[PDB]
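As structure tokens, the structure follows; a few thoughts come after it.
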RNA sequence: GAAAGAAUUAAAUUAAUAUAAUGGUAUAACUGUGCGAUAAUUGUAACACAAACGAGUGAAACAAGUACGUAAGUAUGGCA
RNA sequence: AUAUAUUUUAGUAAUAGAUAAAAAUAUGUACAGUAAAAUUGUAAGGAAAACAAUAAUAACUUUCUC
Ligand SMILES: [Mg+2]
Ligand SMILES: [Mg+2]
Ligand SMILES: [Mg+2]
Ligand SMILES: [Mg+2]
Ligand SMILES: [Mg+2]
Ligand SMILES: [Mg+2]
């Protein structure tokens, strides 16, 4: 009927498939449904607020930068030129790592190079 | 059929009739997939995404600061040129195609608080070419992909036909999977930390790699996939293993911006940039 | 010639009744090369893993900061740097 | 805690069921849902875990937001803005959501869903837009009741009709239904549910049922026929069922003549239109209007011309459509209308 | 020798009825291969994209702003009407039947169901 | 001969019958059409017998 | 100022159309999908186009029944 | 922890989306969508396998916010 390789392939396929592995549908009572809706809506609102806060902050930073660069242009042309360069190949430093869940054994390195 | 003449009749009102809602056929389908009452419901925002949080906090501001060019105006792309009306044959003529390209190119905007570059989507294209002989290899590749991602893969089929390579048309051959949001972020984090350091002579992603507009890519060999923790934990269960292409799609206007963004997430870049 | 798994009749998923594939996933703790632990959701059943070769001990990711084993074992009395200096005349090549 | 206060706020914003309210607001998931009436089913049921504390937090968050909105709402002077503020404050209230979703909107009981309350009215409007309004629009366009009678419609009020007096059965007419001559023998009952903010005391309404498809053999075409005409009707958000109780004999500009389609004349559209009166400033009370009853004719009726004359704006519509059956002759006889014509089966 | 001496006849595919021309129900206004002309007001279209009159009237060729880049043939019910008819005005309809003044005929018609 | 002719005989036993063409090894062709003797839609079935290209009956019950 | 939606504009019929070539087709006639598998049904077909006759073509309408569609309606085989 | 009995599971098989230009039901109807080429890339991959990306947002509605 089937080889051992064929069997193993079938098993692998099954791992991915939804055939006889999935539970019943999540039914709720009307009160429960409402509670869920209120949870979700509030959360969504909170997320929107956070986005606006961050977005606003970014806008403020941009405005400050603009204000700075105009001033620099007014005062010292060479300094302005130096500031406003193409940073095409700018690379973030490899020490600035993505913050983990829990910290390492040695928290901070005081010596380098 | 009395005729094939298609011709949509005009209306006498501005109300937008959603025809789906007027039926009683698919009552489960009227609910959005986000809604709890739909069978299509899935808990989306299950836990705090770490890479995304990092981007929000540290990187995004830094990226904005980098990309500020003073009084930078919009750079319009190559577009379809209109004809000068110096002849009456120009009068209903289609426009001249773009200068260099056949297809139109997008406008490059200055980076401000709104349009800072960020990760949009990852796609993991695995086309196993031995599966022209063995269909079961495609299945195994799809499983591997699923294991790696925690996301449902989609089967790739042979779209073309060719004699030199023993390839038919309409044959299942490997799989793909578009990761988005938190799963994608996790996958990137795994790539940065676990897998790519275990590759021996790994210089990084090439600086000559990428789209013209905010898309960067690279690929992993069959040797490299055994470093993924889901595959590594049962090497008996994974005798064969398949390479893959990894298309990273950013919200970057240009490719150097996208490269910079990826560097922020601890991706090394080695080659001479364009 | 072409090795295949021949398809059975497909099961009709009705419109609206399609359900998203929520695979079974465990919360897995990865301790990296150093003691930094990170939680990740994973399909394989293993609550804890500790990694040997990671970005946190690779030189590319931090520039600023068992045949060999067998050999070490059975040439231990000799103690095999000074040895390198002794056996490295760079005239002949 | 603004949503627990009911000093200034209406009673309708609360849930009237006590058990349901208790279930909503508890400190642990101990109680079982009042919705599940059966004991065995309650036993079987298991709500999702951790739902209570999070729900409470969400309530607090949205309650705070509502309170903040109210701080603005009371300072506001102009009425539409104030209403909008009120809506914003209370729309995310769980209790009002429960009330609206799970109790009837058509024949709303005032204590549960009060359409005098702005939030509930907004909810009702949204519900109407989701399905019933779209359906009505489709039936107007497909049947060709808009351009044939009255150019366009911008649906504002939800209009539902009924024929209670003829047969006995209770049924709200779905737009574009085929009703028997027995069903539509005696007059209908309207319900004009208004969702916009409007002056309830001043605003009058007119209702016109028009039959565009009565055949005129001189013209070799059709003509309109005003089958039923009411004017100067007073609506209120909750008190809105236009019945012989409400309107007086003075309000009837053309008293109900029934659908009596001729044999082979075809299907006849009867499309009720609901207009609101023009509102005059510097005049307290409801501004009436006089109709020249000799000028307007029933056997031929320019609806558009009439509208132009009295400066009406069509807010709502509904439509049924009658064709010939055996009982139309009986209906004619009852009303004292003539025998009724019979046309050739072929449209030659 | 070998000669290419073979060809089908012409398909008579002009306009069979012209602007301002009186028509009757069923009459073919256009024969064509694909919709060069689209079926306009009071006009049908056949399997071979043949425009035919649904009613007695006046054949009119026109453009409609609702369908730009499309020519139309329709049938105006009189000569007075500009056949790209006004959109929000009511549709000019033909009753097209006659009442059975004859008593017997009327009775027969009443009987028939 | 690639496409053969067959006689579909009405199931409502009027005697009415309609003829259609099929491929030589096509499945048994039953169709519901109007029977004017009975004045309704009835089943029609093949009056004669003939060989058929035997397809394997696809199994929905997961075998082995 | 941001997010989402509705979309609109430009371009396109160079792909695709069971099949030649031509005309038509994104308002899709092309493609996907649910139901279905019925209209690849039954009697009368006017009136046109074409046309020596024999034939050929489009087809309103009337009547019987069927399938899909919330409805409007659409289907008397296939874009021609 | 172990024995018997009575059951229950394991037949492990793909579509999870009204799927949308890989292949497959070529006639009906209902709902919905848009192709192709060329270009820039990417593990074996090379002119030729697969996947990604490549025209414009003025006005409008809703949501959050200064
Ligand atoms: Mg020719
Ligand atoms: Mg075809
Ligand atoms: Mg062509
Ligand atoms: Mg002639
Ligand atoms: Mg002849
Ligand atoms: Mg077709």
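Residue numbers (PDB author numbering), protein chains in the order written: chain 2, 34 to 146; chain E, 19 to 292; chain V, 20 to 84, 96 to 110, 122 to 134; chain 1, 20 to 367; chain R, 35 to 147; chain X, 6 to 69.
Even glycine gets a Cβ: it sits at the ideal position worked out from N, Cα and C.
Problem set entry | Residues near residue 7 (chain X) in its chain [Cβ-Cβ closer than 6 Å; skip 5 each side] | Excluding residues within five positions, none has a Cβ falling inside 6 Å.
For this session: Check the Cβ of residue 33 (chain X) against every Cβ in chain V and list those closer than 9 Å, keeping chain order.
Result: From the beta-carbon of residue 33 (chain X), no residue of chain V is found nearer than 9 Å; the closest lies around 20 Å away.
Problem set entry | N-terminal and C-terminal residue of the alpha helix (DSSP H) that residue 77 (chain 1) is part of | For residue 77 (chain 1), the enclosing alpha helix (DSSP H) has its first and last residue at 70-94.
For this session: Using a Cβ cut-off of 8 Å, pull out every chain 1 residue sitting near residue 65 (chain E), in sequence order please.
Result: The premise fails here: residue 65 (chain E) is roughly 14 Å from chain 1 at the closest Cβ pair, so nothing lies under 8 Å.
Exercise. So which residues of chain V does residue 165 (chain 2) contact, with C-beta pairs closer than 8 Å?
Worked result: Within the shown structure, residues of chain 2 are numbered from 34 to 146, placing residue 165 (chain 2) beyond reach of any answer.
Problem set entry | Cα-Cα separation between residue 203 (chain 1) and residue 82 (chain 1), rounded to whole angstroms | Separation of residue 203 (chain 1) and residue 82 (chain 1) (C-alpha to C-alpha, rounded to the nearest whole angstrom) is 50 Å.
For this session: Please classify residue 77 (chain V): does DSSP put it in a helix, a strand, or coil?
Result: Looking at residue 77 (chain V) - three-state DSSP - the assignment turns out to be coil, as it is neither helix nor strand.
Exercise. Count the other CB atoms within 10 Å of the CB of residue 122 (chain E); is the residue buried (16 or more) or exposed (fewer)?
Worked result: Classification of residue 122 (chain E): exposed, given that the 10 Å Cβ count is below 16.
Exercise. Three-state secondary structure (DSSP) at residue 19 (chain X)?
Worked result: Note: residue 19 (chain X) maps to coil in three-state DSSP.
Problem set entry | Neighbourhood of residue 141 (chain E) by C-beta, 6 Å cutoff - its chain only, sequence neighbours within 5 removed | Sequence-distant partners of residue 141 (chain E) (beyond 5 residues in either direction) whose C-beta falls short of 6 Å from its own C-beta, in its chain, are 196, 265.
For this session: Assuming residue 39 (chain 2) contacts residue 24 (chain V) (C-beta within less than 8 Å), just tell me the rounded distance between them.
Result: Rounded, the Cβ-Cβ distance is 7 Å, consistent with contact.
For this session: Spell out a yes or no on whether the segment 93-108 of chain R and the segment 66-74 of chain R are touching, meaning 3 or more CB-CB pairs, one atom from each, closer than 8 Å.
Result: With a cut-off of 8 Å on Cβ pairs, the segment 93-108 of chain R is in contact with the segment 66-74 of chain R, counting three or more such pairs.
Problem set entry | Chain-order list of residues whose beta-carbon lies under 7 Å from that of residue 153 (chain E) (same chain, five-residue window excluded) | Hits under 7 Å: 190.
Exercise. Residue 63 (chain X) touches chain V at which residues, Cβ-Cβ below 9 Å?
Worked result: At a beta-carbon threshold of 9 Å, the residues of chain V lying near residue 63 (chain X) are 27, 28, ordered along the chain.
Exercise. So, does the CB of residue 285 (chain E) fall closer than 8 Å to a CB anywhere in chain V?
Worked result: Contacts with chain V at 8 Å (Cβ-Cβ) do not include residue 285 (chain E).
For this session: Throw me the rounded Cβ distance for the residue 291 (chain 1) and residue 226 (chain 1) pair, which I believe falls under 8 Å.
Result: Sure, about 7 Å apart at Cβ, within 8 Å.
For this session: Ignoring anything shorter than 4 residues or poking outside the segment 45-71 of chain 2, list the alpha helix (DSSP H) runs there in chain order.
Result: List check, alpha helix (DSSP H) in window: nothing returned.
For this session: For the segment 26-52 of chain E, enumerate the residues whose C-beta is nearer than 7 Å to any C-beta of chain 1, in chain order.
Result: Residues of the segment 26-52 of chain E with a Cβ closer than 7 Å to any Cβ of chain 1, in chain order: 29, 30, 31, 33, 35, 36, 39, 40.
For this session: Using a Cβ-Cβ cut-off of less than 8 Å, give me the residues of the segment 80-101 of chain R that come near chain E, in sequence order.
Result: The segment 80-101 of chain R vs chain E, Cβ under 8 Å: 80, 81, 83, 100, 101.
Exercise. Could you give the distance in angstroms between the alpha-carbon of residue 197 (chain 1) and the alpha-carbon of residue 206 (chain 1)?
Worked result: Across the structure, residue 197 (chain 1) and residue 206 (chain 1) are spaced so that their CA atoms are roughly 16 Å apart.
For this session: Compute the beta-carbon to beta-carbon distance between residue 181 (chain 1) and residue 192 (chain 1), rounded to the nearest angstrom, for a pair I have assumed lies under 8 Å.
Result: The C-beta distance from residue 181 (chain 1) to residue 192 (chain 1) rounds to 7 Å, short enough to meet the 8 Å contact threshold.
Exercise. What's the gap between the Cα of residue 306 (chain 1) and the Cα of residue 224 (chain 1)?
Worked result: Between residue 306 (chain 1) and residue 224 (chain 1), the C-alpha separation is close to 11 Å.
Exercise. What residues come near ligand 1, if near means a beta carbon less than 6 Å from any of its heavy atoms?
Worked result: Those residues, listed in chain order, are 42 (chain R), 44 (chain R).
Problem set entry | residue 60 (chain X) at chain V interface by Cβ criterion, 8 Å | No, its Cβ sits nowhere closer than 8 Å to a Cβ of chain V.
For this session: Could you tell me if residue 122 (chain V) is buried or exposed, where buried requires 16 or more neighbouring beta carbons within 10 angstroms of its beta carbon?
Result: That one is exposed.
Exercise. Residues of chain V with a CB under 9 Å from the CB of residue 127 (chain 2): which are they?
Worked result: Near residue 127 (chain 2) (Cβ distances below 9 Å), the residues of chain V are 74, 79, 80, 81, 82, 83.
Exercise. Just checking, does the segment 172-190 of chain 1 make contact with the segment 327-345 of chain 1 on the three C-beta pairs under 8 Å criterion?
Worked result: Contact annotation: the segment 172-190 of chain 1 touches the segment 327-345 of chain 1, with at least three C-beta pairs closer than 8 Å.
Exercise. Is the segment 123-130 of chain R in contact with the segment 160-167 of chain 1, if contact means three or more CB pairs nearer than 8 Å?
Worked result: The segment 123-130 of chain R makes contact with the segment 160-167 of chain 1, as at least three CB pairs between them are under 8 Å.
Exercise. Going along the chain, which residues of its own chain have a beta-carbon closer than 6 Å to the beta-carbon of residue 62 (chain R), five neighbours each way excluded?
Worked result: Excluding sequence neighbours, residue 62 (chain R) sits near 50, 84, 86.
Exercise. In whole angstroms, what is the alpha-carbon distance linking residue 280 (chain E) and residue 286 (chain E)?
Worked result: Looking at the two C-alpha atoms, the distance is approximately 8 Å.
Exercise. What in chain E is Cβ-close to residue 59 (chain R), meaning under 8 Å?
Worked result: Listed along chain E is no residue with a C-beta nearer than 8 Å to that of residue 59 (chain R); the closest approach is about 16 Å.
Exercise. Of all Cβ atoms in chain R, is any one closer than 8 Å to the Cβ of residue 361 (chain 1)?
Worked result: Cβ-Cβ to chain R under 8 Å: yes for residue 361 (chain 1).
Exercise. Can you find at least 3 beta carbon pairs, one from the segment 105-122 of chain E and one from the segment 215-235 of chain E, that sit closer than 8 Å?
Worked result: With a cut-off of 8 Å on Cβ pairs, the segment 105-122 of chain E is not in contact with the segment 215-235 of chain E, counting fewer than three such pairs.
For this session: Could you check what DSSP says for residue 191 (chain 1) in three-state terms: helix, strand or coil?
Result: Residue 191 (chain 1) falls in the strand class under three-state DSSP.
Exercise. Quick one: which chain E residues come within Cβ less than 9 Å of residue 132 (chain 2)?
Worked result: Chain order gives the chain E residues near residue 132 (chain 2) as 68, 71, 72, 75, 76, where near means a beta carbon separation below 9 Å.
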